[PDB]
$ cat protein.pdb   # PDB, N, CA and C atoms
ATOM      1  N   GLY G   1     115.942 235.911  84.258
ATOM      2  CA  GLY G   1     116.135 236.968  83.188
ATOM      3  C   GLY G   1     114.816 237.342  82.512
ATOM      4  N   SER G   2     114.665 238.549  81.962
ATOM      5  CA  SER G   2     113.417 238.735  81.227
ATOM      6  C   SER G   2     113.489 237.814  80.002
ATOM      7  N   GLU G   3     114.602 237.916  79.293
ATOM      8  CA  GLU G   3     114.764 237.152  78.045
ATOM      9  C   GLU G   3     114.859 235.659  78.311
ATOM     10  N   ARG G   4     115.214 235.273  79.534
ATOM     11  CA  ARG G   4     115.318 233.920  79.911
ATOM     12  C   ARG G   4     113.993 233.119  79.738
ATOM     13  N   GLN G   5     112.869 233.863  79.746
ATOM     14  CA  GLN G   5     111.557 233.269  79.412
ATOM     15  C   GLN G   5     111.513 232.626  78.041
ATOM     16  N   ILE G   6     112.330 233.116  77.109
ATOM     17  CA  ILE G   6     112.285 232.600  75.741
ATOM     18  C   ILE G   6     112.490 231.118  75.661
ATOM     19  N   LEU G   7     113.576 230.638  76.236
ATOM     20  CA  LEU G   7     113.856 229.221  76.153
ATOM     21  C   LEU G   7     112.817 228.433  76.921
ATOM     22  N   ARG G   8     112.400 228.930  78.072
ATOM     23  CA  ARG G   8     111.474 228.182  78.891
ATOM     24  C   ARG G   8     110.170 227.984  78.119
ATOM     25  N   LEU G   9     109.622 229.069  77.560
ATOM     26  CA  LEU G   9     108.409 228.926  76.737
ATOM     27  C   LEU G   9     108.559 228.068  75.533
ATOM     28  N   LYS G  10     109.676 228.203  74.822
ATOM     29  CA  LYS G  10     109.937 227.351  73.691
ATOM     30  C   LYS G  10     109.875 225.889  74.023
ATOM     31  N   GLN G  11     110.531 225.518  75.107
ATOM     32  CA  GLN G  11     110.584 224.147  75.474
ATOM     33  C   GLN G  11     109.273 223.617  76.048
ATOM     34  N   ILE G  12     108.570 224.411  76.841
ATOM     35  CA  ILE G  12     107.233 224.016  77.275
ATOM     36  C   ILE G  12     106.339 223.783  76.031
ATOM     37  N   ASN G  13     106.388 224.704  75.082
ATOM     38  CA  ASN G  13     105.461 224.621  73.977
ATOM     39  C   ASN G  13     105.753 223.369  73.162
ATOM     40  N   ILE G  14     106.997 222.921  73.009
ATOM     41  CA  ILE G  14     107.297 221.685  72.321
ATOM     42  C   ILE G  14     106.693 220.474  73.085
ATOM     43  N   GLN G  15     106.834 220.497  74.412
ATOM     44  CA  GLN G  15     106.235 219.409  75.196
ATOM     45  C   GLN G  15     104.707 219.419  75.101
ATOM     46  N   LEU G  16     104.101 220.599  75.129
ATOM     47  CA  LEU G  16     102.635 220.620  74.997
ATOM     48  C   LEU G  16     102.188 220.172  73.598
ATOM     49  N   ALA G  17     102.911 220.558  72.540
ATOM     50  CA  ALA G  17     102.573 220.148  71.209
ATOM     51  C   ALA G  17     102.625 218.653  71.103
ATOM     52  N   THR G  18     103.602 217.991  71.742
ATOM     53  CA  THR G  18     103.712 216.557  71.741
ATOM     54  C   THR G  18     102.558 215.909  72.508
ATOM     55  N   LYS G  19     102.234 216.482  73.652
ATOM     56  CA  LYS G  19     101.176 215.919  74.510
ATOM     57  C   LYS G  19      99.863 216.001  73.713
ATOM     58  N   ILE G  20      99.590 217.077  72.967
ATOM     59  CA  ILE G  20      98.377 217.148  72.167
ATOM     60  C   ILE G  20      98.346 215.944  71.226
ATOM     61  N   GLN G  21      99.426 215.580  70.557
ATOM     62  CA  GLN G  21      99.345 214.461  69.661
ATOM     63  C   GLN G  21      99.030 213.128  70.369
ATOM     64  N   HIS G  22      99.617 212.978  71.538
ATOM     65  CA  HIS G  22      99.256 211.734  72.350
ATOM     66  C   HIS G  22      97.799 211.756  72.743
ATOM     67  N   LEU G  23      97.270 212.904  73.113
ATOM     68  CA  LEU G  23      95.890 212.974  73.568
ATOM     69  C   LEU G  23      95.017 212.822  72.368
ATOM     70  N   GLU G  24      95.385 213.265  71.152
ATOM     71  CA  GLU G  24      94.529 213.070  69.987
ATOM     72  C   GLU G  24      94.457 211.567  69.706
ATOM     73  N   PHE G  25      95.540 210.844  69.883
ATOM     74  CA  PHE G  25      95.511 209.434  69.515
ATOM     75  C   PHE G  25      94.555 208.757  70.462
ATOM     76  N   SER G  26      94.672 209.048  71.768
ATOM     77  CA  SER G  26      93.851 208.378  72.787
ATOM     78  C   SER G  26      92.440 208.773  72.624
ATOM     79  N   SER G  27      92.097 209.975  72.240
ATOM     80  CA  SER G  27      90.747 210.398  72.002
ATOM     81  C   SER G  27      90.229 209.581  70.795
ATOM     82  N   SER G  28      91.044 209.379  69.766
ATOM     83  CA  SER G  28      90.581 208.668  68.559
ATOM     84  C   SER G  28      90.309 207.240  68.901
ATOM     85  N   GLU G  29      91.114 206.636  69.779
ATOM     86  CA  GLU G  29      90.887 205.239  70.160
ATOM     87  C   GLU G  29      89.582 205.140  70.874
ATOM     88  N   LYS G  30      89.236 206.105  71.720
ATOM     89  CA  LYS G  30      87.949 206.075  72.407
ATOM     90  C   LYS G  30      86.844 206.278  71.399
ATOM     91  N   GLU G  31      86.941 207.186  70.425
ATOM     92  CA  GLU G  31      85.882 207.332  69.388
ATOM     93  C   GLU G  31      85.680 206.006  68.671
ATOM     94  N   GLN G  32      86.736 205.307  68.337
ATOM     95  CA  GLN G  32      86.560 204.054  67.561
ATOM     96  C   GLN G  32      85.854 203.045  68.460
ATOM     97  N   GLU G  33      86.084 203.022  69.775
ATOM     98  CA  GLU G  33      85.422 202.094  70.691
ATOM     99  C   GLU G  33      83.948 202.440  70.814
ATOM    100  N   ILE G  34      83.614 203.719  70.834
ATOM    101  CA  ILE G  34      82.241 204.187  70.837
ATOM    102  C   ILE G  34      81.511 203.730  69.569
ATOM    103  N   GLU G  35      82.182 203.847  68.446
ATOM    104  CA  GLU G  35      81.527 203.416  67.204
ATOM    105  C   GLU G  35      81.320 201.934  67.233
ATOM    106  N   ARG G  36      82.312 201.165  67.640
ATOM    107  CA  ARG G  36      82.148 199.729  67.807
ATOM    108  C   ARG G  36      80.977 199.324  68.707
ATOM    109  N   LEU G  37      80.809 199.940  69.846
ATOM    110  CA  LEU G  37      79.781 199.661  70.747
ATOM    111  C   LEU G  37      78.399 200.090  70.153
ATOM    112  N   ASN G  38      78.367 201.275  69.532
ATOM    113  CA  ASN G  38      77.096 201.698  68.908
ATOM    114  C   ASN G  38      76.677 200.671  67.861
ATOM    115  N   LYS G  39      77.627 200.154  67.053
ATOM    116  CA  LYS G  39      77.250 199.120  66.043
ATOM    117  C   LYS G  39      76.753 197.872  66.671
ATOM    118  N   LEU G  40      77.335 197.434  67.777
ATOM    119  CA  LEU G  40      76.923 196.227  68.459
ATOM    120  C   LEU G  40      75.526 196.426  68.978
ATOM    121  N   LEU G  41      75.235 197.579  69.551
ATOM    122  CA  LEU G  41      73.922 197.856  70.138
ATOM    123  C   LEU G  41      72.921 197.921  68.978
ATOM    124  N   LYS G  42      73.264 198.552  67.899
ATOM    125  CA  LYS G  42      72.323 198.653  66.762
ATOM    126  C   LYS G  42      71.998 197.269  66.186
ATOM    127  N   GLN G  43      73.007 196.417  66.022
ATOM    128  CA  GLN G  43      72.839 195.056  65.421
ATOM    129  C   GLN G  43      71.949 194.280  66.344
ATOM    130  N   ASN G  44      71.928 194.550  67.649
ATOM    131  CA  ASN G  44      71.108 193.843  68.648
ATOM    132  C   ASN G  44      69.813 194.486  69.006
ATOM    133  N   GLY G  45      69.439 195.464  68.225
ATOM    134  CA  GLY G  45      68.132 196.091  68.410
ATOM    135  C   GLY G  45      68.033 197.072  69.549
ATOM    136  N   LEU G  46      69.159 197.574  70.057
ATOM    137  CA  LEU G  46      69.180 198.323  71.350
ATOM    138  C   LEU G  46      69.562 199.773  71.162
ATOM    139  N   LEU G  47      69.616 200.225  69.916
ATOM    140  CA  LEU G  47      70.032 201.627  69.715
ATOM    141  C   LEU G  47      68.867 202.373  69.119
ATOM    142  N   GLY G  48      67.633 201.933  69.409
ATOM    143  CA  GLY G  48      66.390 202.534  68.911
ATOM    144  C   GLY G  48      65.831 201.879  67.649
ATOM    145  N   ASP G  49      64.694 202.473  67.192
ATOM    146  CA  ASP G  49      64.029 202.467  65.839
ATOM    147  C   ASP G  49      62.531 202.778  65.981
TER     148      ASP G  49
ATOM    149  N   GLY M   1     111.418 243.278  69.573
ATOM    150  CA  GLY M   1     112.573 242.666  70.270
ATOM    151  C   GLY M   1     112.054 241.480  71.045
ATOM    152  N   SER M   2     112.784 241.165  72.104
ATOM    153  CA  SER M   2     112.474 240.044  72.944
ATOM    154  C   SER M   2     111.109 240.186  73.557
ATOM    155  N   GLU M   3     110.597 241.365  73.936
ATOM    156  CA  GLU M   3     109.294 241.441  74.586
ATOM    157  C   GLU M   3     108.166 240.977  73.640
ATOM    158  N   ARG M   4     108.262 241.318  72.355
ATOM    159  CA  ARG M   4     107.297 240.827  71.369
ATOM    160  C   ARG M   4     107.385 239.333  71.084
ATOM    161  N   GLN M   5     108.587 238.798  71.103
ATOM    162  CA  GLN M   5     108.776 237.368  70.908
ATOM    163  C   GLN M   5     108.159 236.656  72.095
ATOM    164  N   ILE M   6     108.416 237.168  73.310
ATOM    165  CA  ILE M   6     107.857 236.557  74.505
ATOM    166  C   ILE M   6     106.349 236.590  74.471
ATOM    167  N   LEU M   7     105.694 237.699  74.077
ATOM    168  CA  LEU M   7     104.260 237.751  74.048
ATOM    169  C   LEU M   7     103.654 236.701  73.076
ATOM    170  N   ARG M   8     104.291 236.543  71.927
ATOM    171  CA  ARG M   8     103.870 235.557  70.972
ATOM    172  C   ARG M   8     104.052 234.147  71.504
ATOM    173  N   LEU M   9     105.165 233.856  72.191
ATOM    174  CA  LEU M   9     105.329 232.551  72.763
ATOM    175  C   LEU M   9     104.311 232.275  73.827
ATOM    176  N   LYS M  10     103.913 233.284  74.626
ATOM    177  CA  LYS M  10     102.899 233.107  75.632
ATOM    178  C   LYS M  10     101.510 232.876  75.014
ATOM    179  N   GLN M  11     101.234 233.539  73.905
ATOM    180  CA  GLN M  11      99.973 233.315  73.183
ATOM    181  C   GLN M  11      99.902 231.867  72.694
ATOM    182  N   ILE M  12     101.001 231.407  72.053
ATOM    183  CA  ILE M  12     101.024 230.009  71.574
ATOM    184  C   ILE M  12     100.884 229.088  72.766
ATOM    185  N   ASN M  13     101.597 229.331  73.851
ATOM    186  CA  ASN M  13     101.499 228.509  75.026
ATOM    187  C   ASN M  13     100.053 228.395  75.556
ATOM    188  N   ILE M  14      99.328 229.522  75.676
ATOM    189  CA  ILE M  14      97.969 229.353  76.171
ATOM    190  C   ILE M  14      97.117 228.630  75.145
ATOM    191  N   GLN M  15      97.332 228.791  73.835
ATOM    192  CA  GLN M  15      96.507 228.047  72.834
ATOM    193  C   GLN M  15      96.776 226.592  73.029
ATOM    194  N   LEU M  16      98.027 226.155  73.207
ATOM    195  CA  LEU M  16      98.311 224.742  73.400
ATOM    196  C   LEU M  16      97.712 224.224  74.709
ATOM    197  N   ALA M  17      97.848 224.972  75.805
ATOM    198  CA  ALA M  17      97.349 224.519  77.065
ATOM    199  C   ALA M  17      95.832 224.408  76.997
ATOM    200  N   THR M  18      95.175 225.295  76.246
ATOM    201  CA  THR M  18      93.710 225.226  76.129
ATOM    202  C   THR M  18      93.337 224.031  75.377
ATOM    203  N   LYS M  19      94.012 223.700  74.292
ATOM    204  CA  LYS M  19      93.702 222.506  73.552
ATOM    205  C   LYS M  19      93.900 221.259  74.372
ATOM    206  N   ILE M  20      94.934 221.172  75.195
ATOM    207  CA  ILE M  20      95.124 220.026  76.079
ATOM    208  C   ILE M  20      93.971 219.949  77.064
ATOM    209  N   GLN M  21      93.565 221.041  77.643
ATOM    210  CA  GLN M  21      92.417 220.954  78.583
ATOM    211  C   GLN M  21      91.217 220.498  77.851
ATOM    212  N   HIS M  22      90.989 220.918  76.622
ATOM    213  CA  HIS M  22      89.829 220.437  75.892
ATOM    214  C   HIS M  22      89.950 218.976  75.638
ATOM    215  N   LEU M  23      91.058 218.446  75.131
ATOM    216  CA  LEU M  23      91.162 217.043  74.912
ATOM    217  C   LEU M  23      91.044 216.241  76.202
ATOM    218  N   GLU M  24      91.531 216.693  77.324
ATOM    219  CA  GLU M  24      91.339 215.918  78.546
ATOM    220  C   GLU M  24      89.876 215.923  78.866
ATOM    221  N   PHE M  25      89.163 217.061  78.779
ATOM    222  CA  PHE M  25      87.733 217.072  79.090
ATOM    223  C   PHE M  25      86.959 216.191  78.124
ATOM    224  N   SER M  26      87.216 216.273  76.831
ATOM    225  CA  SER M  26      86.464 215.460  75.870
ATOM    226  C   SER M  26      86.772 214.017  75.992
ATOM    227  N   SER M  27      87.959 213.654  76.356
ATOM    228  CA  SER M  27      88.299 212.259  76.509
ATOM    229  C   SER M  27      87.603 211.689  77.698
ATOM    230  N   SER M  28      87.448 212.441  78.780
ATOM    231  CA  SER M  28      86.725 211.961  79.929
ATOM    232  C   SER M  28      85.251 211.829  79.600
ATOM    233  N   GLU M  29      84.677 212.726  78.831
ATOM    234  CA  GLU M  29      83.324 212.545  78.372
ATOM    235  C   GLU M  29      83.171 211.264  77.583
ATOM    236  N   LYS M  30      84.112 210.956  76.720
ATOM    237  CA  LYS M  30      84.070 209.732  75.907
ATOM    238  C   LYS M  30      84.157 208.515  76.786
ATOM    239  N   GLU M  31      84.966 208.537  77.845
ATOM    240  CA  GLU M  31      85.046 207.374  78.750
ATOM    241  C   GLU M  31      83.724 207.185  79.417
ATOM    242  N   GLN M  32      82.987 208.263  79.759
ATOM    243  CA  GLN M  32      81.689 208.110  80.329
ATOM    244  C   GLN M  32      80.680 207.546  79.323
ATOM    245  N   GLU M  33      80.750 207.990  78.077
ATOM    246  CA  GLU M  33      79.908 207.447  77.004
ATOM    247  C   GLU M  33      80.189 205.928  76.867
ATOM    248  N   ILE M  34      81.466 205.502  76.913
ATOM    249  CA  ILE M  34      81.831 204.066  76.831
ATOM    250  C   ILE M  34      81.211 203.318  78.025
ATOM    251  N   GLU M  35      81.313 203.842  79.246
ATOM    252  CA  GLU M  35      80.755 203.192  80.424
ATOM    253  C   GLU M  35      79.250 203.031  80.225
ATOM    254  N   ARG M  36      78.561 204.026  79.729
ATOM    255  CA  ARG M  36      77.120 203.895  79.570
ATOM    256  C   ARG M  36      76.761 202.894  78.508
ATOM    257  N   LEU M  37      77.474 202.832  77.415
ATOM    258  CA  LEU M  37      77.244 201.836  76.361
ATOM    259  C   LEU M  37      77.546 200.425  76.873
ATOM    260  N   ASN M  38      78.608 200.280  77.651
ATOM    261  CA  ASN M  38      78.915 198.974  78.240
ATOM    262  C   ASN M  38      77.828 198.551  79.188
ATOM    263  N   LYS M  39      77.261 199.465  79.971
ATOM    264  CA  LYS M  39      76.212 199.070  80.938
ATOM    265  C   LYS M  39      75.005 198.624  80.139
ATOM    266  N   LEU M  40      74.641 199.277  79.059
ATOM    267  CA  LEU M  40      73.496 198.833  78.309
ATOM    268  C   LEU M  40      73.759 197.471  77.683
ATOM    269  N   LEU M  41      74.977 197.158  77.218
ATOM    270  CA  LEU M  41      75.277 195.830  76.684
ATOM    271  C   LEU M  41      75.203 194.775  77.778
ATOM    272  N   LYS M  42      75.733 195.070  78.950
ATOM    273  CA  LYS M  42      75.719 194.101  80.047
ATOM    274  C   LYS M  42      74.230 193.833  80.305
ATOM    275  N   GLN M  43      73.384 194.848  80.376
ATOM    276  CA  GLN M  43      71.955 194.715  80.848
ATOM    277  C   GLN M  43      71.223 193.881  79.874
ATOM    278  N   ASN M  44      71.589 193.874  78.596
ATOM    279  CA  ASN M  44      70.912 193.096  77.606
ATOM    280  C   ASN M  44      71.534 191.744  77.314
ATOM    281  N   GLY M  45      72.442 191.315  78.204
ATOM    282  CA  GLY M  45      73.098 189.988  78.141
ATOM    283  C   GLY M  45      74.133 189.830  77.020
ATOM    284  N   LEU M  46      74.794 190.922  76.633
ATOM    285  CA  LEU M  46      75.799 190.910  75.533
ATOM    286  C   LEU M  46      77.214 191.032  76.093
ATOM    287  N   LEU M  47      77.339 191.017  77.406
ATOM    288  CA  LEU M  47      78.696 191.093  77.989
ATOM    289  C   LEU M  47      78.849 189.861  78.922
ATOM    290  N   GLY M  48      78.413 188.693  78.439
ATOM    291  CA  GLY M  48      78.349 187.423  79.256
ATOM    292  C   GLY M  48      77.304 187.471  80.369
TER     293      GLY M  48
END
$ encode --input "protein.pdb" --output "structure tokens"
Amino acid sequence: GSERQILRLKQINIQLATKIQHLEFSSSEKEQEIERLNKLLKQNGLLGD
Amino acid sequence: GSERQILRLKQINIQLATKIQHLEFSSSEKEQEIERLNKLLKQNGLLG
């Protein structure tokens, strides 16, 4: 149907909105690991000066 | 009518799909940054 696109898009967009939140969490976990590693390298003299 | 509603839903859909592609790309960049930081820790004897 032409109008039949309505439900399909609605439902895809809900799934994509959810997937964005999962990907934001996983991206944040990786940022926190990067910060942890940068601190370890800095405390050990390996991040410059 | 329905044609305008559909166009708006398609606009939202591409904005969401673009954001997902960005987060997948940035997350893979971050995994590479983690691998490089881990290699430098291993090389300096901080990973056993």
$ closest_residue --input "protein.pdb" --among "G:44, G:27, G:5, G:13" --to "residue 18 of chain M" --atoms "only C-alpha atoms"
G:13
$ residues_around --input "protein.pdb" --residues "segment 6-11 of chain M" --least-positions-apart "4" --cutoff "7 Å" --atoms "only N, CA and C atoms" --output "PyMOL selection string"
(chain G and resi 5-6+9-10) or (chain M and resi 1-2+15-16)
$ closest_residue --input "protein.pdb" --among "G:39, G:29, G:45, G:34" --to "residue 34 of chain M" --atoms "all atoms listed in the file"
G:34
$ interface_residues --input "protein.pdb" --of "chain G" --to "chain M" --cutoff "8 Å" --atoms "all atoms listed in the file" --output "PyMOL selection string"
chain G and resi 2-3+5-6+9-10+12-13+16-17+19-20+23-24+26-28+30-31+33-34+37-38+40-41+46
$ atom_distance --input "protein.pdb" --atom1 "atom C of residue 14 of chain G" --atom2 "atom N of residue 32 of chain G"
25.5 Å
$ atom_distance --input "protein.pdb" --atom1 "atom C of residue 47 of chain M" --atom2 "atom C of residue 25 of chain G"
26.0 Å
$ select_by_dssp --input "protein.pdb" --residues "chain G" --states "helix (DSSP H, G or I)" --output "VMD selection string"
chain G and resid 5 to 43
$ axis_aligned_box --input "protein.pdb" --around "segment 27-46 of chain M" --padding-each-side "3 Å" --output "AutoDock Vina command-line options"
--center_x 79.6 --center_y 201.7 --center_z 78.2 --size_x 23.4 --size_y 29.8 --size_z 11.4
$ atom_distance --input "protein.pdb" --atom1 "atom N of residue 47 of chain G" --atom2 "atom C of residue 35 of chain G"
12.1 Å
$ decode --input "protein.pdb" --residues "segment 7-32 of chain G" --atoms "N, CA, C and O atoms" --output "PDB file, in the first residue's frame"
ATOM      1  N   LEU G   7       3.182   2.354   8.903  1.00  0.00           N
ATOM      2  CA  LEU G   7       3.487   1.482  10.017  1.00  0.00           C
ATOM      3  C   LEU G   7       4.906   0.964   9.907  1.00  0.00           C
ATOM      4  O   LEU G   7       5.635   0.868  10.943  1.00  0.00           O
ATOM      5  N   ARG G   8       5.344   0.633   8.704  1.00  0.00           N
ATOM      6  CA  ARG G   8       6.657   0.053   8.547  1.00  0.00           C
ATOM      7  C   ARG G   8       7.709   1.054   9.025  1.00  0.00           C
ATOM      8  O   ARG G   8       8.644   0.672   9.786  1.00  0.00           O
ATOM      9  N   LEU G   9       7.624   2.301   8.548  1.00  0.00           N
ATOM     10  CA  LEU G   9       8.560   3.328   9.035  1.00  0.00           C
ATOM     11  C   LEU G   9       8.491   3.608  10.493  1.00  0.00           C
ATOM     12  O   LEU G   9       9.516   3.742  11.184  1.00  0.00           O
ATOM     13  N   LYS G  10       7.282   3.682  11.044  1.00  0.00           N
ATOM     14  CA  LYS G  10       7.129   3.865  12.464  1.00  0.00           C
ATOM     15  C   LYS G  10       7.852   2.832  13.276  1.00  0.00           C
ATOM     16  O   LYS G  10       8.613   3.136  14.198  1.00  0.00           O
ATOM     17  N   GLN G  11       7.676   1.579  12.899  1.00  0.00           N
ATOM     18  CA  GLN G  11       8.270   0.521  13.639  1.00  0.00           C
ATOM     19  C   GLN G  11       9.778   0.404  13.436  1.00  0.00           C
ATOM     20  O   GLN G  11      10.506   0.106  14.407  1.00  0.00           O
ATOM     21  N   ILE G  12      10.266   0.619  12.224  1.00  0.00           N
ATOM     22  CA  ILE G  12      11.710   0.687  12.016  1.00  0.00           C
ATOM     23  C   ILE G  12      12.301   1.813  12.901  1.00  0.00           C
ATOM     24  O   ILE G  12      13.332   1.607  13.553  1.00  0.00           O
ATOM     25  N   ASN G  13      11.662   2.972  12.894  1.00  0.00           N
ATOM     26  CA  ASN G  13      12.255   4.103  13.572  1.00  0.00           C
ATOM     27  C   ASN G  13      12.311   3.826  15.067  1.00  0.00           C
ATOM     28  O   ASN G  13      13.253   4.241  15.722  1.00  0.00           O
ATOM     29  N   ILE G  14      11.356   3.125  15.675  1.00  0.00           N
ATOM     30  CA  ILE G  14      11.428   2.766  17.074  1.00  0.00           C
ATOM     31  C   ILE G  14      12.631   1.816  17.333  1.00  0.00           C
ATOM     32  O   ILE G  14      13.355   1.976  18.308  1.00  0.00           O
ATOM     33  N   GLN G  15      12.809   0.848  16.432  1.00  0.00           N
ATOM     34  CA  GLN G  15      13.962  -0.048  16.591  1.00  0.00           C
ATOM     35  C   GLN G  15      15.287   0.702  16.425  1.00  0.00           C
ATOM     36  O   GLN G  15      16.228   0.464  17.217  1.00  0.00           O
ATOM     37  N   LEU G  16      15.353   1.622  15.471  1.00  0.00           N
ATOM     38  CA  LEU G  16      16.610   2.377  15.333  1.00  0.00           C
ATOM     39  C   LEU G  16      16.857   3.290  16.542  1.00  0.00           C
ATOM     40  O   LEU G  16      17.987   3.435  16.992  1.00  0.00           O
ATOM     41  N   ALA G  17      15.812   3.921  17.092  1.00  0.00           N
ATOM     42  CA  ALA G  17      15.964   4.760  18.243  1.00  0.00           C
ATOM     43  C   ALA G  17      16.497   3.961  19.396  1.00  0.00           C
ATOM     44  O   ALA G  17      17.364   4.451  20.181  1.00  0.00           O
ATOM     45  N   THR G  18      16.051   2.708  19.577  1.00  0.00           N
ATOM     46  CA  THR G  18      16.532   1.845  20.622  1.00  0.00           C
ATOM     47  C   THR G  18      17.994   1.458  20.395  1.00  0.00           C
ATOM     48  O   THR G  18      18.818   1.496  21.342  1.00  0.00           O
ATOM     49  N   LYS G  19      18.319   1.135  19.157  1.00  0.00           N
ATOM     50  CA  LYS G  19      19.683   0.691  18.821  1.00  0.00           C
ATOM     51  C   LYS G  19      20.623   1.872  19.113  1.00  0.00           C
ATOM     52  O   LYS G  19      21.735   1.617  19.604  1.00  0.00           O
ATOM     53  N   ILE G  20      20.254   3.121  18.811  1.00  0.00           N
ATOM     54  CA  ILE G  20      21.110   4.255  19.129  1.00  0.00           C
ATOM     55  C   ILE G  20      21.402   4.236  20.629  1.00  0.00           C
ATOM     56  O   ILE G  20      22.582   4.497  21.012  1.00  0.00           O
ATOM     57  N   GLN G  21      20.437   4.013  21.503  1.00  0.00           N
ATOM     58  CA  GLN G  21      20.749   4.033  22.905  1.00  0.00           C
ATOM     59  C   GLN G  21      21.733   2.925  23.332  1.00  0.00           C
ATOM     60  O   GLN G  21      22.650   3.196  24.092  1.00  0.00           O
ATOM     61  N   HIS G  22      21.549   1.770  22.727  1.00  0.00           N
ATOM     62  CA  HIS G  22      22.563   0.661  23.013  1.00  0.00           C
ATOM     63  C   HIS G  22      23.934   1.047  22.517  1.00  0.00           C
ATOM     64  O   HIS G  22      24.931   0.826  23.231  1.00  0.00           O
ATOM     65  N   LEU G  23      24.025   1.678  21.364  1.00  0.00           N
ATOM     66  CA  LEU G  23      25.324   2.016  20.802  1.00  0.00           C
ATOM     67  C   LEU G  23      25.875   3.149  21.602  1.00  0.00           C
ATOM     68  O   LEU G  23      27.123   3.244  21.804  1.00  0.00           O
ATOM     69  N   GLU G  24      25.084   4.079  22.167  1.00  0.00           N
ATOM     70  CA  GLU G  24      25.646   5.155  22.976  1.00  0.00           C
ATOM     71  C   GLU G  24      26.250   4.528  24.235  1.00  0.00           C
ATOM     72  O   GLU G  24      27.294   5.087  24.708  1.00  0.00           O
ATOM     73  N   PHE G  25      25.626   3.513  24.791  1.00  0.00           N
ATOM     74  CA  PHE G  25      26.135   2.980  26.049  1.00  0.00           C
ATOM     75  C   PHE G  25      27.477   2.364  25.748  1.00  0.00           C
ATOM     76  O   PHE G  25      28.433   2.550  26.542  1.00  0.00           O
ATOM     77  N   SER G  26      27.563   1.572  24.666  1.00  0.00           N
ATOM     78  CA  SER G  26      28.799   0.850  24.332  1.00  0.00           C
ATOM     79  C   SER G  26      29.848   1.815  23.954  1.00  0.00           C
ATOM     80  O   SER G  26      31.040   1.632  24.414  1.00  0.00           O
ATOM     81  N   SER G  27      29.576   2.915  23.304  1.00  0.00           N
ATOM     82  CA  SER G  27      30.542   3.920  22.966  1.00  0.00           C
ATOM     83  C   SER G  27      31.046   4.522  24.299  1.00  0.00           C
ATOM     84  O   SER G  27      32.285   4.734  24.458  1.00  0.00           O
ATOM     85  N   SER G  28      30.165   4.759  25.264  1.00  0.00           N
ATOM     86  CA  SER G  28      30.577   5.396  26.529  1.00  0.00           C
ATOM     87  C   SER G  28      31.475   4.468  27.280  1.00  0.00           C
ATOM     88  O   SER G  28      32.463   4.981  27.920  1.00  0.00           O
ATOM     89  N   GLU G  29      31.214   3.160  27.232  1.00  0.00           N
ATOM     90  CA  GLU G  29      32.068   2.202  27.941  1.00  0.00           C
ATOM     91  C   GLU G  29      33.430   2.231  27.334  1.00  0.00           C
ATOM     92  O   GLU G  29      34.434   2.114  28.076  1.00  0.00           O
ATOM     93  N   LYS G  30      33.546   2.347  26.015  1.00  0.00           N
ATOM     94  CA  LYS G  30      34.857   2.426  25.380  1.00  0.00           C
ATOM     95  C   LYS G  30      35.515   3.730  25.760  1.00  0.00           C
ATOM     96  O   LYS G  30      36.750   3.728  26.016  1.00  0.00           O
ATOM     97  N   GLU G  31      34.833   4.877  25.788  1.00  0.00           N
ATOM     98  CA  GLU G  31      35.466   6.149  26.235  1.00  0.00           C
ATOM     99  C   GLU G  31      36.012   5.981  27.646  1.00  0.00           C
ATOM    100  O   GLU G  31      37.081   6.507  27.981  1.00  0.00           O
ATOM    101  N   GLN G  32      35.282   5.347  28.528  1.00  0.00           N
ATOM    102  CA  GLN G  32      35.761   5.251  29.930  1.00  0.00           C
ATOM    103  C   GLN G  32      37.004   4.367  29.937  1.00  0.00           C
ATOM    104  O   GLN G  32      37.923   4.637  30.733  1.00  0.00           O
TER     105      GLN G  32
END
